[PDB]
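Asker: Input work_14.txt, format and content: compact mmCIF, N, CA and C atoms.
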```txt
# COMPACT_ATOMS: atom_id res chain seq x y z
N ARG V 1 0.83 -1.17 0.00
CA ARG V 1 0.00 0.00 0.00
C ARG V 1 0.87 1.23 0.00
N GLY V 2 0.26 2.38 0.17
CA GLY V 2 1.02 3.57 0.22
C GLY V 2 0.29 4.79 -0.20
N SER V 3 0.92 5.91 0.06
CA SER V 3 0.39 7.23 -0.35
C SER V 3 1.46 8.08 -1.07
N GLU V 4 2.48 8.56 -0.33
CA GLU V 4 3.71 9.12 -0.91
C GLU V 4 4.87 8.13 -0.85
N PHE V 5 4.67 7.02 -0.17
CA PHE V 5 5.72 6.08 0.19
C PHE V 5 5.05 4.74 0.42
N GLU V 6 5.85 3.69 0.52
CA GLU V 6 5.27 2.40 0.83
C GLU V 6 4.81 2.36 2.29
N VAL V 7 3.81 1.51 2.58
CA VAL V 7 3.29 1.37 3.94
C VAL V 7 3.33 -0.09 4.34
N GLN V 8 3.64 -0.33 5.62
CA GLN V 8 3.72 -1.65 6.21
C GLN V 8 3.08 -1.57 7.58
N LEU V 9 2.01 -2.32 7.81
CA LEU V 9 1.43 -2.46 9.14
C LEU V 9 1.92 -3.75 9.77
N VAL V 10 2.34 -3.66 11.02
CA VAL V 10 2.90 -4.77 11.78
C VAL V 10 2.33 -4.65 13.18
N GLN V 11 2.41 -5.73 13.94
CA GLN V 11 1.97 -5.71 15.32
C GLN V 11 3.17 -5.87 16.23
N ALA V 12 3.05 -5.31 17.43
CA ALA V 12 4.13 -5.32 18.40
C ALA V 12 4.67 -6.73 18.60
N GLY V 13 6.00 -6.83 18.69
CA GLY V 13 6.66 -8.11 18.75
C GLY V 13 6.83 -8.81 17.42
N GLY V 14 6.20 -8.31 16.36
CA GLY V 14 6.39 -8.86 15.03
C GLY V 14 7.78 -8.53 14.47
N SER V 15 7.96 -8.94 13.21
CA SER V 15 9.20 -8.73 12.48
C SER V 15 8.87 -8.27 11.06
N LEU V 16 9.85 -7.65 10.42
CA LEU V 16 9.66 -7.14 9.07
C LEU V 16 11.03 -6.92 8.45
N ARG V 17 11.13 -7.12 7.14
CA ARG V 17 12.41 -7.00 6.43
C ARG V 17 12.28 -5.94 5.34
N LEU V 18 12.90 -4.79 5.57
CA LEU V 18 12.94 -3.76 4.55
C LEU V 18 14.08 -4.04 3.57
N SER V 19 13.88 -3.62 2.33
CA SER V 19 14.83 -3.89 1.27
C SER V 19 14.93 -2.66 0.38
N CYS V 20 16.11 -2.47 -0.19
CA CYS V 20 16.44 -1.23 -0.90
C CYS V 20 17.40 -1.60 -2.01
N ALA V 21 17.02 -1.28 -3.24
CA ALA V 21 17.71 -1.76 -4.43
C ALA V 21 18.24 -0.59 -5.25
N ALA V 22 19.34 -0.85 -5.96
CA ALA V 22 19.85 0.08 -6.97
C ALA V 22 20.03 -0.66 -8.29
N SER V 23 20.66 -0.01 -9.26
CA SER V 23 20.94 -0.61 -10.56
C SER V 23 22.43 -0.54 -10.86
N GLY V 24 22.97 -1.61 -11.44
CA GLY V 24 24.36 -1.63 -11.86
C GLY V 24 25.41 -1.55 -10.76
N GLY V 25 25.12 -2.06 -9.57
CA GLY V 25 26.06 -1.98 -8.47
C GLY V 25 26.37 -0.58 -8.00
N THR V 26 25.34 0.28 -7.92
CA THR V 26 25.55 1.71 -7.68
C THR V 26 26.33 1.96 -6.39
N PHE V 27 26.00 1.25 -5.31
CA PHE V 27 26.69 1.46 -4.05
C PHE V 27 27.59 0.28 -3.67
N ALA V 28 28.31 -0.26 -4.65
CA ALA V 28 29.35 -1.24 -4.34
C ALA V 28 30.53 -0.59 -3.62
N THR V 29 30.85 0.66 -3.93
CA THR V 29 31.92 1.39 -3.26
C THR V 29 31.44 2.22 -2.07
N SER V 30 30.13 2.37 -1.89
CA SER V 30 29.77 3.33 -0.86
C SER V 30 29.31 2.64 0.42
N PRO V 31 29.50 3.28 1.57
CA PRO V 31 28.86 2.80 2.80
C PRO V 31 27.38 3.18 2.79
N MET V 32 26.59 2.35 3.46
CA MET V 32 25.14 2.43 3.34
C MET V 32 24.52 2.44 4.72
N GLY V 33 23.27 2.87 4.77
CA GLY V 33 22.58 2.90 6.04
C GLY V 33 21.07 2.97 5.89
N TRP V 34 20.41 2.92 7.04
CA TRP V 34 18.98 3.19 7.17
C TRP V 34 18.80 4.35 8.13
N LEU V 35 18.00 5.34 7.73
CA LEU V 35 17.56 6.43 8.59
C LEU V 35 16.06 6.35 8.80
N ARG V 36 15.57 7.01 9.86
CA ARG V 36 14.13 7.05 10.09
C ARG V 36 13.71 8.42 10.64
N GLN V 37 12.49 8.81 10.28
CA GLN V 37 11.86 10.04 10.74
C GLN V 37 10.58 9.67 11.48
N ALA V 38 10.59 9.78 12.79
CA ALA V 38 9.33 9.65 13.51
C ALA V 38 8.59 10.99 13.51
N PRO V 39 7.26 10.96 13.43
CA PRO V 39 6.48 12.21 13.37
C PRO V 39 6.88 13.21 14.45
N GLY V 40 7.09 14.45 14.03
CA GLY V 40 7.61 15.48 14.92
C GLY V 40 9.13 15.48 15.07
N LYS V 41 9.75 14.29 15.07
CA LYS V 41 11.18 14.18 15.32
C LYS V 41 12.00 14.46 14.07
N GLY V 42 13.22 14.93 14.30
CA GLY V 42 14.20 14.93 13.24
C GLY V 42 14.56 13.52 12.81
N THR V 43 15.18 13.44 11.64
CA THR V 43 15.71 12.19 11.15
C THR V 43 16.75 11.65 12.13
N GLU V 44 16.64 10.36 12.44
CA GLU V 44 17.59 9.67 13.29
C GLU V 44 18.22 8.50 12.55
N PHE V 45 19.37 8.10 13.06
CA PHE V 45 20.16 7.03 12.46
C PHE V 45 19.68 5.69 13.01
N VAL V 46 19.62 4.69 12.13
CA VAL V 46 19.22 3.34 12.55
C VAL V 46 20.43 2.43 12.47
N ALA V 47 20.89 2.18 11.25
CA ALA V 47 21.94 1.21 11.05
C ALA V 47 22.76 1.59 9.83
N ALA V 48 24.01 1.14 9.81
CA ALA V 48 24.90 1.38 8.69
C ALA V 48 25.78 0.15 8.46
N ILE V 49 26.11 -0.10 7.20
CA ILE V 49 26.91 -1.25 6.83
C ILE V 49 27.98 -0.80 5.84
N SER V 50 29.20 -1.30 6.01
CA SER V 50 30.28 -0.85 5.14
C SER V 50 30.24 -1.58 3.79
N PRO V 51 31.02 -1.11 2.79
CA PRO V 51 31.11 -1.85 1.51
C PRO V 51 31.52 -3.31 1.64
N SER V 52 32.48 -3.62 2.53
CA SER V 52 32.90 -5.00 2.75
C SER V 52 31.80 -5.87 3.34
N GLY V 53 30.69 -5.27 3.76
CA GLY V 53 29.63 -5.97 4.45
C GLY V 53 29.82 -6.11 5.94
N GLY V 54 30.95 -5.67 6.49
CA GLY V 54 31.36 -6.16 7.78
C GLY V 54 31.54 -5.17 8.91
N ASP V 55 31.31 -3.88 8.66
CA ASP V 55 31.35 -2.90 9.74
C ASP V 55 29.91 -2.44 9.90
N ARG V 56 29.19 -3.13 10.76
CA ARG V 56 27.78 -2.86 10.96
C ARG V 56 27.59 -2.17 12.31
N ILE V 57 26.92 -1.02 12.30
CA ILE V 57 26.67 -0.25 13.51
C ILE V 57 25.18 0.06 13.61
N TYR V 58 24.74 0.38 14.83
CA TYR V 58 23.33 0.40 15.18
C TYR V 58 23.06 1.47 16.22
N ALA V 59 22.06 2.31 15.96
CA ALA V 59 21.46 3.07 17.03
C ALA V 59 21.24 2.14 18.20
N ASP V 60 21.60 2.60 19.40
CA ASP V 60 21.39 1.76 20.57
C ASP V 60 19.92 1.43 20.79
N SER V 61 19.01 2.20 20.21
CA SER V 61 17.60 1.87 20.37
C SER V 61 17.13 0.75 19.45
N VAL V 62 18.00 0.21 18.59
CA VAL V 62 17.62 -0.88 17.69
C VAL V 62 18.66 -1.99 17.82
N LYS V 63 19.78 -1.66 18.45
CA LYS V 63 20.86 -2.62 18.66
C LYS V 63 20.30 -3.88 19.31
N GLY V 64 20.66 -5.03 18.74
CA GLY V 64 20.21 -6.32 19.24
C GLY V 64 18.87 -6.78 18.70
N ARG V 65 18.03 -5.86 18.25
CA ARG V 65 16.76 -6.17 17.62
C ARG V 65 16.83 -6.13 16.10
N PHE V 66 17.53 -5.15 15.53
CA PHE V 66 17.66 -5.04 14.08
C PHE V 66 19.01 -5.59 13.65
N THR V 67 19.09 -6.02 12.39
CA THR V 67 20.36 -6.35 11.77
C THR V 67 20.32 -5.90 10.31
N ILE V 68 21.47 -5.46 9.82
CA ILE V 68 21.61 -4.92 8.48
C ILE V 68 22.49 -5.89 7.70
N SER V 69 22.28 -5.95 6.39
CA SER V 69 23.13 -6.76 5.52
C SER V 69 23.11 -6.16 4.12
N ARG V 70 23.91 -6.74 3.22
CA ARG V 70 23.85 -6.34 1.82
C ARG V 70 24.20 -7.54 0.95
N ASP V 71 23.92 -7.40 -0.35
CA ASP V 71 24.43 -8.32 -1.36
C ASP V 71 25.88 -7.95 -1.70
N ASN V 72 26.51 -8.72 -2.59
CA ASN V 72 27.91 -8.46 -2.95
C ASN V 72 28.07 -7.72 -4.27
N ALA V 73 27.05 -7.73 -5.14
CA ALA V 73 27.10 -7.01 -6.41
C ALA V 73 26.89 -5.51 -6.26
N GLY V 74 26.54 -5.04 -5.06
CA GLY V 74 26.34 -3.62 -4.83
C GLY V 74 24.97 -3.12 -5.23
N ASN V 75 23.95 -3.99 -5.20
CA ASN V 75 22.61 -3.62 -5.62
C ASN V 75 21.58 -3.61 -4.49
N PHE V 76 21.87 -4.28 -3.37
CA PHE V 76 20.88 -4.46 -2.31
C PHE V 76 21.47 -4.21 -0.93
N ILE V 77 20.65 -3.64 -0.05
CA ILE V 77 20.85 -3.72 1.39
C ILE V 77 19.51 -4.06 2.02
N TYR V 78 19.56 -4.83 3.10
CA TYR V 78 18.34 -5.20 3.81
C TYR V 78 18.41 -4.65 5.22
N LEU V 79 17.25 -4.43 5.81
CA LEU V 79 17.13 -4.11 7.23
C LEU V 79 16.16 -5.13 7.79
N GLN V 80 16.63 -5.93 8.71
CA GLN V 80 15.87 -7.03 9.27
C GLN V 80 15.40 -6.57 10.65
N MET V 81 14.14 -6.19 10.75
CA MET V 81 13.60 -5.61 11.97
C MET V 81 12.86 -6.69 12.76
N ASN V 82 13.31 -6.95 13.98
CA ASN V 82 12.65 -7.91 14.86
C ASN V 82 12.26 -7.23 16.16
N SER V 83 11.30 -7.83 16.87
CA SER V 83 10.82 -7.32 18.16
C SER V 83 10.26 -5.90 18.05
N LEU V 84 9.47 -5.66 17.00
CA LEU V 84 8.98 -4.31 16.77
C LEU V 84 8.14 -3.84 17.96
N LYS V 85 8.43 -2.59 18.44
CA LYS V 85 7.71 -1.80 19.44
C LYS V 85 6.89 -0.74 18.74
N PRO V 86 5.95 -0.09 19.44
CA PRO V 86 5.31 1.10 18.85
C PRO V 86 6.23 2.31 18.82
N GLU V 87 7.33 2.27 19.57
CA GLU V 87 8.40 3.26 19.47
C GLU V 87 9.10 3.24 18.12
N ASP V 88 8.97 2.16 17.36
CA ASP V 88 9.65 2.04 16.07
C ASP V 88 8.84 2.60 14.91
N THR V 89 7.65 3.13 15.19
CA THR V 89 6.79 3.73 14.18
C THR V 89 7.49 4.97 13.62
N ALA V 90 7.79 4.94 12.32
CA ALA V 90 8.48 6.03 11.62
C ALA V 90 8.46 5.71 10.13
N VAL V 91 8.87 6.70 9.32
CA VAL V 91 9.18 6.49 7.90
C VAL V 91 10.66 6.09 7.76
N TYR V 92 10.93 4.93 7.15
CA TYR V 92 12.29 4.41 7.02
C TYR V 92 12.88 4.72 5.65
N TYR V 93 14.13 5.17 5.63
CA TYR V 93 14.82 5.49 4.38
C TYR V 93 16.14 4.74 4.34
N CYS V 94 16.41 4.05 3.23
CA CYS V 94 17.79 3.70 3.02
C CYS V 94 18.55 4.94 2.53
N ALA V 95 19.86 4.92 2.74
CA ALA V 95 20.67 6.11 2.52
C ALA V 95 22.07 5.71 2.09
N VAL V 96 22.65 6.51 1.23
CA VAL V 96 24.05 6.38 0.87
C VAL V 96 24.85 7.34 1.73
N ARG V 97 26.01 6.89 2.22
CA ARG V 97 26.96 7.80 2.86
C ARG V 97 27.75 8.50 1.75
N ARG V 98 27.50 9.79 1.58
CA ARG V 98 28.11 10.56 0.50
C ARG V 98 29.12 11.59 0.97
N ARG V 99 29.23 11.82 2.27
CA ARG V 99 30.12 12.81 2.84
C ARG V 99 30.77 12.18 4.06
N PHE V 100 31.87 12.77 4.51
CA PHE V 100 32.64 12.16 5.59
C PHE V 100 33.03 13.21 6.62
N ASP V 101 32.09 14.10 6.95
CA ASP V 101 32.37 15.12 7.96
C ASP V 101 32.30 14.58 9.38
N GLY V 102 31.49 13.56 9.65
CA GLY V 102 31.45 13.01 10.99
C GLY V 102 31.69 11.51 11.04
N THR V 103 31.29 10.90 12.15
CA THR V 103 31.39 9.46 12.33
C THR V 103 30.45 8.72 11.35
N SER V 104 30.39 7.40 11.47
CA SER V 104 29.43 6.72 10.61
C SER V 104 28.02 6.81 11.16
N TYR V 105 27.87 7.30 12.40
CA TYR V 105 26.60 7.46 13.08
C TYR V 105 25.92 8.77 12.76
N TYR V 106 26.59 9.63 12.01
CA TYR V 106 26.14 11.00 11.76
C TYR V 106 25.11 11.00 10.64
N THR V 107 23.82 11.21 11.00
CA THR V 107 22.79 11.25 9.96
C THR V 107 23.11 12.28 8.88
N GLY V 108 23.79 13.38 9.24
CA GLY V 108 24.18 14.41 8.28
C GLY V 108 25.08 13.93 7.14
N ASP V 109 25.84 12.84 7.32
CA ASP V 109 26.68 12.36 6.23
C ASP V 109 25.92 11.52 5.20
N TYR V 110 24.61 11.30 5.39
CA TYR V 110 23.82 10.39 4.58
C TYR V 110 22.81 11.14 3.72
N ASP V 111 22.55 10.59 2.55
CA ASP V 111 21.52 11.06 1.65
C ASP V 111 20.51 9.94 1.49
N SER V 112 19.24 10.24 1.79
CA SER V 112 18.17 9.28 1.62
C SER V 112 18.03 8.95 0.14
N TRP V 113 17.63 7.72 -0.16
CA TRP V 113 17.70 7.23 -1.53
C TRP V 113 16.43 6.48 -1.89
N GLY V 114 15.78 6.92 -2.95
CA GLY V 114 14.66 6.17 -3.50
C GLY V 114 13.35 6.59 -2.87
N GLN V 115 12.71 5.67 -2.16
CA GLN V 115 11.35 5.88 -1.68
C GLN V 115 11.23 5.34 -0.27
N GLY V 116 10.74 6.17 0.65
CA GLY V 116 10.62 5.77 2.03
C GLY V 116 9.54 4.73 2.26
N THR V 117 9.55 4.16 3.47
CA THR V 117 8.61 3.10 3.86
C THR V 117 8.06 3.43 5.24
N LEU V 118 6.76 3.69 5.32
CA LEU V 118 6.12 3.89 6.62
C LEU V 118 5.87 2.54 7.27
N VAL V 119 6.49 2.33 8.43
CA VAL V 119 6.28 1.13 9.24
C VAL V 119 5.48 1.57 10.45
N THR V 120 4.21 1.16 10.49
CA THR V 120 3.32 1.40 11.62
C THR V 120 3.29 0.13 12.48
N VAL V 121 3.59 0.27 13.77
CA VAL V 121 3.49 -0.84 14.71
C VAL V 121 2.28 -0.58 15.61
N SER V 122 1.30 -1.49 15.54
CA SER V 122 0.08 -1.39 16.34
C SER V 122 0.26 -2.18 17.63
N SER V 123 0.07 -1.50 18.76
CA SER V 123 0.26 -2.10 20.08
C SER V 123 -0.78 -3.19 20.36
```
I need this file expressed as structure tokens, please.

Answerer:
Amino acid sequence: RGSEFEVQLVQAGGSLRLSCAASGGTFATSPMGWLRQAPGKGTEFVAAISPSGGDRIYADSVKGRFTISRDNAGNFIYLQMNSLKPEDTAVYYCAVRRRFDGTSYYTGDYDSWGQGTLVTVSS
């Protein structure tokens, strides 16, 4: 479903797998991430994965519940969301790291890419 973006309804304690695709290995060289915007809130950082697949970092509010991965051709990254809370209700964006002014946790170094996904968690 959707309106300006894709929509996903889930129930608390459920799981969901977001996916984000490019063409021609667009982000084979780039570090990647997921950002989210909860209503009223600024964009926050969720997870990031390096080109090698192996430097994965997590907002402490998703650490241990979410996991990030990618393919090797540079076309896909996934966000595997488990133990969903109603606190996780937000619009989710995959993002390319295009600048290197801060750490890998810095939402400012990321550009959202493609089309967001509203994940509503019903208590």

Asker: Got a sec to tell me which of chain V DSSP assigns to helix (DSSP H, G or I), as a PyMOL selection string?

Answerer: chain V and resi 86-88+107-109

Asker: Take the residues from that selection and write them out as a compact mmCIF listing (two decimals), in the coordinates of the input, keeping N, CA and C atoms.

Answerer:
```txt
# COMPACT_ATOMS: atom_id res chain seq x y z
N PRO V 86 5.95 -0.09 19.44
CA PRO V 86 5.31 1.10 18.85
C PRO V 86 6.23 2.31 18.82
N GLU V 87 7.33 2.27 19.57
CA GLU V 87 8.40 3.26 19.47
C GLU V 87 9.10 3.24 18.12
N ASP V 88 8.97 2.16 17.36
CA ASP V 88 9.65 2.04 16.07
C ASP V 88 8.84 2.60 14.91
N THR V 107 23.82 11.21 11.00
CA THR V 107 22.79 11.25 9.96
C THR V 107 23.11 12.28 8.88
N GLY V 108 23.79 13.38 9.24
CA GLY V 108 24.18 14.41 8.28
C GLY V 108 25.08 13.93 7.14
N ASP V 109 25.84 12.84 7.32
CA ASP V 109 26.68 12.36 6.23
C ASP V 109 25.92 11.52 5.20
```

Asker: Which is closer to residue 34 of chain V than all the others in V:73, V:68, V:119, V:94, using only C-alpha atoms?

Answerer: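 Between V:73, V:68, V:119, V:94, the residue approaching residue 34 of chain V most closely is V:94.
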
Asker: Quick one: distance from atom C of residue 83 of chain V to atom N of residue 13 of chain V in Å, one decimal?

Answerer: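 Atom-to-atom, atom C of residue 83 of chain V and atom N of residue 13 of chain V are spaced 4.4 Å apart.
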
Asker: List the neighbours of residue 72 of chain V out to 7 Å using all atoms listed in the file; skip same-chain residues closer than 3 positions along the sequence, and give me the result as number ranges by chain.

Answerer: V: 28, 75-76

Asker: For the atom pair atom CA of residue 96 of chain V and atom CA of residue 14 of chain V, what is the interatomic distance in Å to one decimal place?

Answerer: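 If I compute the distance from atom CA of residue 96 of chain V to atom CA of residue 14 of chain V, I get 27.3 Å.
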
Asker: Mind giving me the straight-line distance from atom C of residue 74 of chain V to atom C of residue 30 of chain V in Å, one decimal?

Answerer: 9.2 Å

Asker: Restricting the calculation to only C-alpha atoms, which member of V:52, V:3, V:120, V:107 is positioned closest to residue 95 of chain V?

Answerer: V:107

Asker: DSSP on the backbone: which residues in chain V end up as strand (DSSP E or B)? Give the answer as a VMD selection string.

Answerer: chain V and resid 2 6 to 11 16 to 21 32 to 37 43 to 49 56 to 58 63 66 to 70 76 to 81 90 to 97 110 to 112 117 to 122

Asker: Taking only C-alpha atoms into account, which of V:18, V:6, V:84, V:46 comes nearest residue 106 of chain V?

Answerer: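 Closest candidate: V:46.
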
Asker: Put the listed atoms of segment 61-75 of chain V in a box along x, y and z with 3 Å added on every side and give me the centre and edge lengths in Å to one decimal, as lines of an AutoDock Vina configuration file.

Answerer:
```
center_x = 22.4
center_y = -3.3
center_z = 7.0
size_x = 17.3
size_y = 16.9
size_z = 32.8
```

Asker: Choose the residue, out of V:54, V:48, V:113, V:99, that has the smallest atom-to-atom separation from residue 26 of chain V; count only C-alpha atoms.

Answerer: V:113

Asker: Find the residues around residue 19 of chain V up to 6.5 Å (only N, CA and C atoms counted), leave out those fewer than 5 positions away in its own chain, and share them as a ChimeraX atom specification.

Answerer: /V:77-79

Asker: Suppose we keep N, CA and C atoms; can you now write the selection as a short mmCIF file (atom, residue, chain, number, x, y, z; two decimals), in the frame of the given file?

Answerer:
```cif
data_model
loop_
_atom_site.label_atom_id
_atom_site.label_comp_id
_atom_site.auth_asym_id
_atom_site.auth_seq_id
_atom_site.Cartn_x
_atom_site.Cartn_y
_atom_site.Cartn_z
N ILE V 77 20.65 -3.64 -0.05
CA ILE V 77 20.85 -3.72 1.39
C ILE V 77 19.51 -4.06 2.02
N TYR V 78 19.56 -4.83 3.10
CA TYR V 78 18.34 -5.20 3.81
C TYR V 78 18.41 -4.65 5.22
N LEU V 79 17.25 -4.43 5.81
CA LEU V 79 17.13 -4.11 7.23
C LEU V 79 16.16 -5.13 7.79
#
```

Asker: Contacts of residue 35 of chain V at 6.5 Å or less, counting all atoms listed in the file, minus same-chain residues fewer than 4 places along, as a PyMOL selection string?

Answerer: chain V and resi 43-47+91-95

Asker: Which polymer residues have any atom within 7 Å of an atom of residue 82 of chain V, counting only N, CA and C atoms, with same-chain residues fewer than 3 positions away left out, as a list in words?

Answerer: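 With the cut-off at 7 Å, the set is residues 13, 14, 15, 16, 65, 66, 67 and 85 of chain V.
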
Asker: For each of V:118, V:104, V:80, V:37, take the minimum atom-to-atom distance to residue 49 of chain V, counting only C-alpha atoms, then give the residue where this is smallest.

Answerer: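 Closest candidate: V:104.
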